[PDB]
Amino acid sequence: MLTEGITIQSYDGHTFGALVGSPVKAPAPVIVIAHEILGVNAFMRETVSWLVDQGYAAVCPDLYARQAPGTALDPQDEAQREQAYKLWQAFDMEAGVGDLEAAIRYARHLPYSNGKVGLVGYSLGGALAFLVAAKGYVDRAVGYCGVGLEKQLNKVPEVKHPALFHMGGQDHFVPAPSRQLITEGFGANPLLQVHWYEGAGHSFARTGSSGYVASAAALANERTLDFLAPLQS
């Protein structure tokens, strides 16, 4: 689901929609949410609503618009999971970073903006969040469950704004040697944080998922809110 009439235009003229939640009170910092491999779906709607309740505005851009506009897949359904995997496989990461850059500029100039922008990414979006942190487009970035971080380590010293990552300790995408590489590499830059959630796998924070772990999701989300709080007026 997207907000009717909202259009954001990127570096190369491509345009894309977004789900937008205005803040309870103006002004407010704006959080750009980078979605999972499933597009702008029920969990994005819930995440928008949560951040608004917590004193933010939120913008969740349609990052699959270069492949199939309006993707919104329900992970309960096998056919929709399959569609999600196929879209992810073909996803252009560099274009996603450019699209996020455009969504960030858009967020910055919203009328109720207090001038500060954060980004929160999940799954596909958690990997995008690290790339955005390396580019330095936002004041603070958060990624949950990012895949392939261990292949992006040479970007660690490029990070010049705080970024926080939450990773399941049992995430099959991140086996022991990858966990050790990420732990050692990110630890060299004190602007980065990476927290591991023992006994939690991938999607440990996605309500409704068979991988959801309420205690781990609780701790991660609390740390997220405390990390974003300094953006507030």
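Start at 1 and count along the sequence shown; that's the residue number.
- The PDB entry reports B-factors from which the mean C-alpha value can be compared for 74-82 and 136-144; the larger average falls on 74-82.
- Taking the mean C-alpha B-factor of each stretch as recorded, 220-228 and 206-214 are not equal, and the higher mean is that of 206-214.
- Residue-level temperature factors show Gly168 in the middle third of its chain, judged at the C-alpha atom.
- When the CA B factors of the chain's modelled residues are split into thirds, the value for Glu184 lands in the highest one.
- Per the deposited record, the Cα B-factor of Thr47 falls in the lowest third when ranked against the other modelled residues of its chain.
- Among the modelled residues of its chain, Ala107 has a C-alpha B-factor that falls in the middle third, as given in the PDB entry.
- Per the deposited record, the Cα B-factor of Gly55 falls in the middle third when ranked against the other modelled residues of its chain.
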